[PDB]
Amino acid sequence: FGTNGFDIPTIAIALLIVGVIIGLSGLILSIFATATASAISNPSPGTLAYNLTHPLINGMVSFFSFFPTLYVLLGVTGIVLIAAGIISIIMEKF
Amino acid sequence: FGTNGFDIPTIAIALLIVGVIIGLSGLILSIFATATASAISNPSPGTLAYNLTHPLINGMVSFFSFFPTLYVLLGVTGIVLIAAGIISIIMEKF
Amino acid sequence: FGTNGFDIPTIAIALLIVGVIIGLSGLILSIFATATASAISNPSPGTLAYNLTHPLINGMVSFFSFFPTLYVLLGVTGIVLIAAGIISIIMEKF
Amino acid sequence: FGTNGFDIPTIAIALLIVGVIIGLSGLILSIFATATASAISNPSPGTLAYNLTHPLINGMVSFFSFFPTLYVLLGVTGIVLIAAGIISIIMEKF
Amino acid sequence: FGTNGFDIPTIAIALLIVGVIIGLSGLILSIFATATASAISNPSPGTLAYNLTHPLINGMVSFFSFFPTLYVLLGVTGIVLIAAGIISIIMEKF
Amino acid sequence: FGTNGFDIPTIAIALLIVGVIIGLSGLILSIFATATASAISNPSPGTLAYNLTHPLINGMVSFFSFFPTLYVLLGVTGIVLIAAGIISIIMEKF
Amino acid sequence: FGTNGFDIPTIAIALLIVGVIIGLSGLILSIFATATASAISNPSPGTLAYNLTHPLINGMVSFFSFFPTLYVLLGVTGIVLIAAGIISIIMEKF
């Protein structure tokens, strides 16, 4: 069901795969982050261990805050691909 | 699901891998830094051991303060890669 | 996840390795310096042993004071490498 | 849909590409500038580091103030191109 | 989207690259200058080390004061290039 | 982004390199000059060692006083190069 | 019941084996730790035997406190393996 490489069943299958992979990724990351939160403790506000450890958790927080826009762009990519497929069909189907 | 090398499932898997690796790294470093903090003691403010040891902990603190911006740049890299993928799709899909 | 040799997982692993190595180095040096401080005594201010020993501890202090800037430069190196990777991606990804 | 090289679908696609590229550029620059602002601190008004660092941020501000007119001219270019296309159609279509 | 070599997407990409490179340069220089400021001390106003070191920091200050106008000219260059592109389009598009 | 050899990204990268090299040079020279100042002592105003050593430190002072204008000219060179690039663009871009 | 090496009966059997092994391990360690607690006595807070013995029990406590996170990671591993199996099925079953 297509012209050269645009196959609607293939597109649906690809959407399937990306959705399940993203769900798995979120699940695994949440499960592991729970363990991370359990592992690290809060020694004291101003002792040696605080100086030793605080920037690490800061970087953790920063990167995990960077994830959302990555996901958003990953989402927008598919609309572009589908649109290109539609245009390619239209171009030479007439 | 792509044109030449841009595969959304591959991108999601890569995001998975980088996230888990970063979580592991933070966990290991925090756990080890706790042991470091436990090991080293505070001899005295002005004795020989203080002169012998203080610059080392100073360098420790400095490097661990350098980590955050490294993490931030590592995060920003992915947005660039995704953007390049989108542009590459757009360029020749029409 | 990259173009030629820039791999974000590899970068994260390298950051892991350098961090743990630096922590180990600081730990070992502090532990050994404690033993050094315990071993050497203070004979007298002006006797033969003082003349014999003082420049050695002076050199010790000097070198250990030189360490911090070495660590600082070692830290700054990674920002340069990450930046070069980003630029290399940008150059030919479009 | 044209005469020699003026194709309205091609023009629309080009407008698409330039718009998305400009949006990406603004997004990336804002995200990176946030990191720059976070990284650099304010040492003191008159110490060595101030003398060492102030002209750099001055140049940053200047260049980022130069960007707007560049964008404006980039925008005006398209009107010229479309106008030339219209005139070229008119010249020999009658 | 152009006539011979003037491509608005290419121009936007080039603006992207120059902006990110300039941001990186400012970031790296500020970070390194902080380390320089930390490293060098102030011995005394009139001793040997002062005579030995003062002209070096003077040259540092001078060069870093020279940077701003370099950045300004680098900025003005792009307006010229865009203007030349516009004129080149106008010349033979009619 | 240029015509023959004038590339604004290349110019920015070159400015990066020269800045970092100059910072390193100043840092190394200051650090070494501190050691020089520590090493040499002041024997007496009129003894043999004074006659033996004074002209050497005089030459040191002279050369280090010559450095600043060298740095100034090195700085002015870049303005000339950028100006030549601008003129070269203007000459044949129209 | 699978495609290449992913067999749900095999997975269930493996879960069986790991569960029983973990139960046995906990049982044996608890039983032995009871004997350890019975064997060692508390001589006095400050005598020779206290200095001789306290760090040993400290290390015991530390290691047994390290066990929990080991178990947690061992648990999380299976979710990853099952997820990889699901993805592998999905990839080429369509």
# chains A, B, ... in the order shown; residues from 1 in each chain; ligands from 1

$ interface_residues --of "chain E" --to "chain C" --cutoff "8 Å" --atoms "only C-alpha atoms" --output "ChimeraX atom specification"
/E:13,17,21,24,28,31-32,35,39

$ residues_around --residues "stretch 2-10 of chain G" --least-positions-apart "4" --cutoff "9 Å" --atoms "only C-alpha atoms" --output "PyMOL selection string"
chain G and resi 14-15+82+85-86+88-89+93

$ select_by_dssp --residues "chain D" --states "alpha helix (DSSP H)" --output "PyMOL selection string"
chain D and resi 8-39+48-93

$ atom_distance --atom1 "atom CA of residue B:59" --atom2 "atom CA of residue C:71"
5.8 Å

$ closest_atom_pairs --of "stretch 53-88 of chain G" --to "stretch 41-44 of chain G" --cutoff "12 Å" --atoms "only C-alpha atoms" --output "JSON lines"
{"residue": "G:53", "atom": "CA", "partner": "G:42", "partner_atom": "CA", "distance": 9.4}
{"residue": "G:54", "atom": "CA", "partner": "G:42", "partner_atom": "CA", "distance": 9.6}
{"residue": "G:57", "atom": "CA", "partner": "G:42", "partner_atom": "CA", "distance": 11.2}

$ atom_distance --atom1 "atom CA of residue E:55" --atom2 "atom CA of residue C:74"
27.7 Å

$ atom_distance --atom1 "atom CA of residue G:22" --atom2 "atom CA of residue G:56"
25.9 Å

$ residues_around --residues "residue B:33" --least-positions-apart "6" --cutoff "10 Å" --atoms "only C-alpha atoms" --output "number ranges by chain"
A: 48-53; B: 27, 39; C: 20, 23-24, 27
